[PDB]
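Next up is one chain by itself, shown in structure tokens, the form deposited in one PDB entry.
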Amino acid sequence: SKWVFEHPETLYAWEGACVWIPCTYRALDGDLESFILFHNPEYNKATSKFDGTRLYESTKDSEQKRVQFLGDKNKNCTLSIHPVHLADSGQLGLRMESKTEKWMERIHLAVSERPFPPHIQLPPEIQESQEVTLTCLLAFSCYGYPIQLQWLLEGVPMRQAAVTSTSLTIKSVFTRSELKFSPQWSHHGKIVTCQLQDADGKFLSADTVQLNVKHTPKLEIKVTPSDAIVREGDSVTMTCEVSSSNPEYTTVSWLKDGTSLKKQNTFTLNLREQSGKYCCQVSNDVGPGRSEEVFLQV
């Protein structure tokens, strides 16, 4: 092919930040003679030339420039806008001319007014006491504007270490943060926030997810002489109360000192007359959960 370009389809940024556009190319007609960066170019069919605002011209050309061309005449078309503005948003046009040929390359530059939020990616299955990696992705990375990704649990910064990686190549531009932590059952339903911050820790944007932590049933056991009176062969009722269970429970059974009881497959244990330790067991798709032992005495 005469002109082959490699660059991201779209580059993202927000007002006041910067944008770094990785770009490589190759023209079979040799080195370039002119480069012009257009903003929303329009081909003028009359004059057979391109019109529109010009952000950079190789004929008129520094490090004190907002728009910079970090490339050369043979293989590099990297662009830098520092700072980038909402008006730069749109379709950039890399208008290049070789010895005998011409070419126009389109790069999409999506600049939002406010910093856009990152994205949390949850694994489909999170369960109590099983280490899980949470990933926070941001489709942005520019050297002139360093950022950071902060993990929060119920608005509180998390103490677990988070590996932060960045990519700024012709294929993809992102900032990635991976957090490893072992959740407990109480993390179910709580909010995790990936907060985007600038170099000094100033808030920019955030994404939140409500955790879904599967766990065995957590059981509250209540006995209704309040303790252990009976003193004869009285009537005692014991109830098994599920404090939390994800997913919902399936079966319930009562156990004395060790072995399950006679056909006691209900949430209430009714004794009408056997004076050991008692506890209930409730199961869900995760597995069985037990309650604390109650000691009945005559």
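For every residue, the number given is its place in the sequence shown, counted from 1. In this text, rigid core is short for the largest set of C-alphas that superpose within 1.5 Å between two forms.
- Missing coordinates between residue 273 and residue 274 amount to 4 to 9 residues of the deposited sequence.
- In the deposited entry, the stretch joining residue 61 to residue 62 is interrupted by 4 to 9 residues of the deposited sequence lacking coordinates.
- Between 163 to 171 and 224 to 232, the higher mean Cα B-factor belongs to 224 to 232.
- Legend: mean Cα B-factor per stretch from the PDB entry, 206 to 214 versus 121 to 129; the higher mean is in 121 to 129.
- Highest C-alpha temperature factor among 26, 66, 262, 39, as the PDB entry reports it: 262.
- Per the deposited coordinates, the residue with the largest Cα temperature factor out of 70, 55, 32, 240 is 240.
- When the CA B factors of the chain's modelled residues are split into thirds, the value for residue 219 lands in the highest one.
- Residue 82: CA B factor lies in the lowest third for its chain, per the PDB record.
- Annotation for residue 99: C-alpha temperature factor in the highest third relative to the rest of the modelled chain, per the entry.
One more form of this protein exists, namely the form deposited in another entry; it is left out here, but the text below deals with it.
- Relative to the superposed core, residue 247 undergoes a C-alpha shift smaller than 2 Å between the shown form and the other one.
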